[PDB]
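> Build the 3D model from these lines:
(chains A, B, C, D, E, F, G and H, ligands or ions: 24)
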Amino acid sequence: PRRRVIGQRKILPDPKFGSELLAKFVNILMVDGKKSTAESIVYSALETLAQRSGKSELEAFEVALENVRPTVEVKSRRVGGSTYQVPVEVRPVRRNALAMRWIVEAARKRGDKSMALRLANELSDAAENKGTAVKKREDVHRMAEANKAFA
Amino acid sequence: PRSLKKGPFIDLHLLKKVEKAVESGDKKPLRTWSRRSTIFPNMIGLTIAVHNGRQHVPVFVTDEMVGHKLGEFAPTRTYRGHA
Amino acid sequence: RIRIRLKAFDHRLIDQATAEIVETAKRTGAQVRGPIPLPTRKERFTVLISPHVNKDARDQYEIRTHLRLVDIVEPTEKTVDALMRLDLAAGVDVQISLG
Amino acid sequence: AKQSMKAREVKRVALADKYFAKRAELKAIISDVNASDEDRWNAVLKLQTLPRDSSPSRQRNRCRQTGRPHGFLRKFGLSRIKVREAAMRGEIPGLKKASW
Amino acid sequence: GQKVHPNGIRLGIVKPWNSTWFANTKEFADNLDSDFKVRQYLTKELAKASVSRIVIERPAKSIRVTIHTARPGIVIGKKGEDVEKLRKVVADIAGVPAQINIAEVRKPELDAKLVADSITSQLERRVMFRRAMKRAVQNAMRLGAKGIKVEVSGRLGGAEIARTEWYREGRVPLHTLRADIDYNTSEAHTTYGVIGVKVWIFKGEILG
Amino acid sequence: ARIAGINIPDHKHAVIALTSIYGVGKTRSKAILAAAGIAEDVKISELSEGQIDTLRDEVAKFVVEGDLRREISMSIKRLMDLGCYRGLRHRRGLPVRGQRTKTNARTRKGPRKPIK
Amino acid sequence: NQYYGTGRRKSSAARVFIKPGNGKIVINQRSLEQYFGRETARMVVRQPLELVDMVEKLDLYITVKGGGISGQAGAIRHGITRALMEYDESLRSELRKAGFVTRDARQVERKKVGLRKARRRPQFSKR
RNA sequence: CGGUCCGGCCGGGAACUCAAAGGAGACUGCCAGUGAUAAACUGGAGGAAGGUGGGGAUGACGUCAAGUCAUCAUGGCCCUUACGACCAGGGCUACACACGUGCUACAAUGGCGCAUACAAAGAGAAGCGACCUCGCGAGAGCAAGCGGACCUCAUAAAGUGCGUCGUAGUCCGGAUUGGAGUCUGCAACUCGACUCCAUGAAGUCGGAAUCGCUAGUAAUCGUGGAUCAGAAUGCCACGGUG
Ligand SMILES: [Mg+2]
Ligand SMILES: [Mg+2]
Ligand SMILES: [Mg+2]
Ligand SMILES: [Mg+2]
Ligand SMILES: [Mg+2]
Ligand SMILES: [Mg+2]
Ligand SMILES: [Mg+2]
Ligand SMILES: [Mg+2]
Ligand SMILES: [Mg+2]
Ligand SMILES: [Mg+2]
Ligand SMILES: [Mg+2]
Ligand SMILES: [Mg+2]
Ligand SMILES: [Mg+2]
Ligand SMILES: [Mg+2]
Ligand SMILES: [Mg+2]
Ligand SMILES: [Mg+2]
Ligand SMILES: [Mg+2]
Ligand SMILES: [Mg+2]
Ligand SMILES: [Mg+2]
Ligand SMILES: [Mg+2]
Ligand SMILES: [Mg+2]
Ligand SMILES: [Mg+2]
Ligand SMILES: [Mg+2]
Ligand SMILES: [Mg+2]
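Numbers count the residues shown, from 1 in each chain, chains lettered A, B, ... in the order given. Ligands and ions are numbered 1, 2, ... in the order given. Provided below are the atomic coordinates:
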């Protein structure tokens, strides 16, 4: 907004793990206020995700989260006759927020049947560093150094 | 449709005219404003001129025309087309 | 016993009336139960304020119907008739329930 | 509204109150499953013979001051306009602008 | 339609209702017609009387009409002459036994319905509208009103372009809810049309 | 797997695969299998041929594929020949049941017909 | 010897009675595992009891009316915190820090005239 | 507490929830820093609430010769055996098409079946209408109780638990149409609503363009009311999840 910087609201941690971040992930998955279903999908997909990896569910979630976090995004400025995409550094809160959005958005587009099957396969590929979510990570980075002259 | 416990419906002034034209045996077109009266089986074979809003169109009564009302055979909107 | 129901629009004018009706049966009879308040009916209304065409321009009214329930435990002879001879202000509607 | 439209409205209240006992007599016959069907046929033919303005569904609640057929309120007997003019001058007891 | 009606917004705070009775929904609108017909009749009958506010109250199926007027002498006449004439026609209209009480209006220059009707009566006999608005303001601020605003509107002096004008002297806070704004409105049926007159009178703040 | 003239898919369950018959729905398919004593969650696969013979007799009680299309066309052509209001709506291609023809009559009128 | 606190939420009203005991939770004559099927609601009724180390320390009898699943769960936490400050009063320095003693005053907003919801305006079009 | 038909149900109990009525409470009032020794701002301190706590009502002088002579009122003009009045029937619902605003969808965060948990706010006498019976059903019959913190409308739905479908124009979607009905009403043809059986279009997320929304908000889920004999996906309210 114009006037003020705001004070952000506090989020609850998740009931299963106590993680603040995983409860931020169930809110991005949640549609229409149905948190109960989105709580069930995350707890079902992260169940089979640690099954494929043998680690903690909190630990193996961060590994797939690490490979989709962008480091530099761009933004339109347009002070001349055309649009300038200036590469702006992304703060660590938005780094974490853009990552969880891309995992969910890629998990909508997969052709598996269950949503927990669409999301666990996408997390298992993100830790394996393939999939649409890391491909979204590349196109942000590819557009970054293709505009690095602007600063 | 109407409930079965009420039976059918017909105007009294129409139903007296049907009763007259059966016994008198006249085939004059009966002009009638009762568009809401169910046709009865004793009405079969009579020219009855149902009103449509503007004039009286004559309706010959058929066997299949029993369970309907007189307004269905007098269309009220004239429509030919736009082009 | 006699249940008495007081219905009014002004809550000051019913509390002026409710404490009034206690003192009659307090003096004449005995053991006036209490001025027990009931929930207030809020009958809202919403009308278009423009004469011809403004659907979004409206007033929103209400009528608050204030209720008071006062019970009389032991009706004496003076409890019924002297309170029946007693009349209250308008706006208050009293309603006795003998037995 | 017109003078004649209000005059038509008064006539539809008087006729609906005139034949009111007789119309409920016929409807008791027609709605009764335990009745002779020739009576039920005679009752529904009798009910046609009554004037049409005798039905309670025939009259329409107009504004009692202006005769406006729309915007009526049953508790006040007025249209939405004449309620507002009366509520602001305080002719309606206990009625004021709410906010909640 | 910018401004709220200053009487109707103050009805829970500093203004009283002009009808203070109770009925259920079964008997409500009949009473409201019954209240309307007697305000209609008494205004037509007591037109020469400077009546301001007809308060109607009905306890125990018996109407009590409180007439506020600047002079009760023309309302009473001889002792029980015109009031008794007016009491028997209210009972014909209301259908219940009637009762007429008369509360005298001290200082009629500080009462909005009387001031608006004084402007209307002057405008009806073809006086200059600006002269009528000056004297209505000067009399009220002299008699002790903390602030008056008057306003006429439309077809002033027979001009074909209708406009509104308003004078103000003293402070008239309309947005203050505890302000005693006496507001009422009259209409002058001139030969060139209808001239509407509004008048606000501020007496002071009730500190409840 | 061949009931009342037409074939019926085997991989589906019992109530659903019956509804391929023109004349039965989810209600009447429950009415068929209750009279045959056949559970609804089984497939048309792993049925006894005596059960399918029981199935064919229950379907034959009602009006189906060849009969019903003839009856439906007979009812419409009854309205066609009388010339009632419902007949004119059936032959102008306009909606019969009293819907709006000013807007949104696209089921009876097909796609839009541009003014040329 | 019972210690009482009232907690309220959106439209809920909890009645919590604290007795020293073993940690038996009874809500409307039903168990906590029976009453709240939602595990998120099972957490928030245990948050002040797990803030201090008094899960096993005290039993409690709870009734609650009005509201929904998370609404009734929200009022139960605000009632337990209201009753534990009656129990100890040394916990107000910590339960204030936990954000628990503050009654959440977020009621639903009323539907307004013209607007299709509390804040959703209908769709706008220039032409 | 005692008693039990385990039901606040019944003695009771006045605590609690609640119901209103009255009152307290928050004022930058205090503490620290900044500031021009000011206004004020930033922070924390207590507190249920912190700087306008949240929401509403409240709309200056005027602007658009804005809207409405069809609520009403009214100058002038016009009609007066008709431009007035009465009735029946029709129309206001037409239909090559263009647009606005909406509803339901295109499904698997779902459809379906069974089981089960949690609301608020309202209306009710020419009314609301339990219970019981009959009907697949909308409903019908008999019929209590209620002018209503009592009784009735009235079982909230989303949810959860289990089973099921397994990516298909499908057990998605419900248009359309046929048949059979119920109810309202003198009367449902034009032209009502609802039910049952059958039917199973388009639609697989939408071009250019464009709208709403900053927190109990959007999104989604049911609920009620006004009008009203009957007749909403509109409007006005209400809570759930969030
Ligand atoms: Mg007139
Ligand atoms: Mg009507
Ligand atoms: Mg305004
Ligand atoms: Mg089929
Ligand atoms: Mg069907
Ligand atoms: Mg709108
Ligand atoms: Mg557009
Ligand atoms: Mg617009
Ligand atoms: Mg602090
Ligand atoms: Mg602070
Ligand atoms: Mg202000
Ligand atoms: Mg203009
Ligand atoms: Mg007519
Ligand atoms: Mg229209
Ligand atoms: Mg209703
Ligand atoms: Mg049954
Ligand atoms: Mg379910
Ligand atoms: Mg399922
Ligand atoms: Mg379907
Ligand atoms: Mg297709
Ligand atoms: Mg598909
Ligand atoms: Mg904002
Ligand atoms: Mg209705
Ligand atoms: Mg809501």
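
> Quickly find the element holding residue G:4.
According to DSSP states H and E, residue G:4 maps onto strand G:3-8.

> got the contact list for that strand?
With contacts defined as CB atoms under 8 Å, 6 or more residues apart in numbering or on different chains, strand G:3-8 is touched by G:13-19, G:74-87, G:103. For the C-beta atoms, the positions are set from N, CA and C on the backbone; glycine is no exception.

> for the residue in chain B sticking out farthest from the centre, what are its contacts?
Distance from the centre of chain B peaks at residue B:83, with 33.4 Å (CA atoms, centre = their mean). Going by CB under 8 Å, 6+ apart, residue B:83 touches residue F:115.

> that older thread, could you tell me which of the contacts of strand G:3-8 are located in helices?
G:74-87 (DSSP state H).

> can I get these in JSON lines with distance to RNA strand H and neighbour count?
Below are the ones in helices among the contacts of strand G:3-8 laid out as JSON lines (distance: CB to the nearest atom of the strand, whole Å; neighbours: other CB atoms under 10 Å in any protein chain shown):
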{"residue": "G:74", "distance to RNA strand H": "7", "neighbour count": "25"}
{"residue": "G:75", "distance to RNA strand H": "9", "neighbour count": "30"}
{"residue": "G:76", "distance to RNA strand H": "12", "neighbour count": "29"}
{"residue": "G:77", "distance to RNA strand H": "12", "neighbour count": "24"}
{"residue": "G:78", "distance to RNA strand H": "9", "neighbour count": "24"}
{"residue": "G:79", "distance to RNA strand H": "9", "neighbour count": "29"}
{"residue": "G:80", "distance to RNA strand H": "14", "neighbour count": "28"}
{"residue": "G:81", "distance to RNA strand H": "9", "neighbour count": "26"}
{"residue": "G:82", "distance to RNA strand H": "9", "neighbour count": "24"}
{"residue": "G:83", "distance to RNA strand H": "11", "neighbour count": "24"}
{"residue": "G:84", "distance to RNA strand H": "13", "neighbour count": "27"}
{"residue": "G:85", "distance to RNA strand H": "8", "neighbour count": "19"}
{"residue": "G:86", "distance to RNA strand H": "11", "neighbour count": "14"}
{"residue": "G:87", "distance to RNA strand H": "15", "neighbour count": "18"}
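
> Let's have the residues you listed in TSV, adding distance to chain D.
Below are the ones in helices among the contacts of strand G:3-8 laid out as TSV (distance: CB to the nearest CB, whole Å):
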residue	distance to chain D
G:74	23
G:75	22
G:76	28
G:77	28
G:78	24
G:79	27
G:80	31
G:81	30
G:82	27
G:83	32
G:84	35
G:85	33
G:86	34
G:87	38
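
> just those now: which is nearest chain E?
residue G:75 (33.0 Å; CB to the nearest CB).

> Enumerate every residue touching that closest one.
G:7-9, G:12-14, G:64, G:67.

> and if we set it to 10 Å?
By CB atoms under 10 Å, 6 or more residues apart in numbering or on different chains, the contact list for residue G:75 reads G:6-16, G:45, G:62, G:64-67, G:82, G:103-104.

> residue nearest the centroid of chain D?
Centroid-nearest residue in chain D, with CA atoms, centre = their mean: residue D:59, separated by 4.4 Å.

> Verify the stated contact: it with residue D:5.
No: counting by CB atoms under 10 Å, residue D:59 sits too far from residue D:5 to count as a contact (11.6 Å).

> hmm, the lengthiest helix in chain D in reach of chain E?
Counting by DSSP H, the longest helix found in chain D is helix D:3-18. No: applying CB under 10 Å from any CB of the partner chain, one finds helix D:3-18 separated from chain E by no less than 13.6 Å.

> All the strands of the chain, in order from the start?
Since no chain was named, I'll use chain A. A:72-76, A:85-89 (DSSP state E).

> Oops, wrong one, chain F.
For chain F, the strands defined by DSSP E occupy F:2-3, F:6-7.

> that older thread, among the strands of chain A, which is nearest chain D?
For chain D, the closest of these is strand A:72-76, at 44.2 Å, according to CB to the nearest CB.

> Relative to chain C, which residue of chain A is the closest?
For chain A, CB to the nearest CB, closest residue to chain C: residue A:1, 27.0 Å.

> The biggest helix by length in chain E close to chain D?
Secondary structure of chain E per DSSP H: the longest helix is helix E:28-45. Yes: Helix E:28-45 is in contact with chain D by CB under 10 Å from any CB, via E:28-33, E:35-36, E:39-40.

> For that helix, name the packing helices and strands.
Other elements packing on helix E:28-45 under the criterion 3 or more CB pairs under 10 Å, 6 or more residues apart in numbering or on different chains; DSSP states H and E are strand D:78-79, helix D:80-89, strand E:51-57, strand E:64-69, helix E:82-94.

> Please repeat the previous calculation with a cut-off of 6 Å.
strand E:51-57, helix E:82-94 (3 or more CB pairs under 6 Å, 6 or more residues apart in numbering or on different chains; DSSP states H and E).

> among the strands of chain F, which is nearest chain G?
Across the strands of chain F, closest to chain G is strand F:2-3 (CB to the nearest CB), at 44.5 Å.

> is RNA strand H contacted by the closest one?
No: Strand F:2-3 lies out of reach of RNA strand H by CB under 7 Å from any atom of the strand, never closer than 12.8 Å.

> list the contacts for the residue nearest to residue G:40 when sequence neighbours are not counted?
Leaving aside its sequence neighbours, residue G:40 sits nearest to residue A:15 (CB to CB, 6 or more residues apart in numbering or on different chains; 5.1 Å). The contact partners of residue A:15, taken as CB atoms under 6 Å, 6 or more residues apart in numbering or on different chains, are G:39-40, G:43.

> repeat for residue F:96
By CB under 6 Å, 6+ apart, the neighbours of residue F:96 are F:86, F:89.

> Dihedrals phi and psi, it?
Dihedral pair for residue F:96: phi -80, psi -40, per degrees, to the nearest 10.

> Burial check on the residue of chain C found nearest chain G, number of neighbours?
As assessed by CB to the nearest CB, chain G sits closest to residue C:56 within chain C, at 3.9 Å. Counted with other CB atoms under 10 Å in any protein chain shown, the neighbours of residue C:56 add up to 10.

> Please report how far it lies from residue E:86.
Distance of residue C:56 to residue E:86, given as CB to CB, to the nearest Å: 45 Å.

> what's the answer for residue E:175, then?
To residue E:86, residue E:175 is 40 Å away according to CB to CB.

> Compare these two and say which one has the larger neighbour count.
Neighbour comparison, residue E:175 and residue E:86: the larger count goes to residue E:86, with 20 against 8 (by other CB under 10 Å).

> and residue 102, what is it in contact with?
Defaulting to chain A. Residue A:102 is in contact with A:68, A:133, A:136, counting by CB under 6 Å, 6+ apart.

> was after chain E, sorry
Residues in contact with residue E:102 (CB under 6 Å, 6+ apart) are E:67, E:72, E:75.

> 8 Å instead?
Applying CB under 8 Å, 6+ apart to residue E:102 gives the contacts E:66-69, E:72, E:75-76, E:83.
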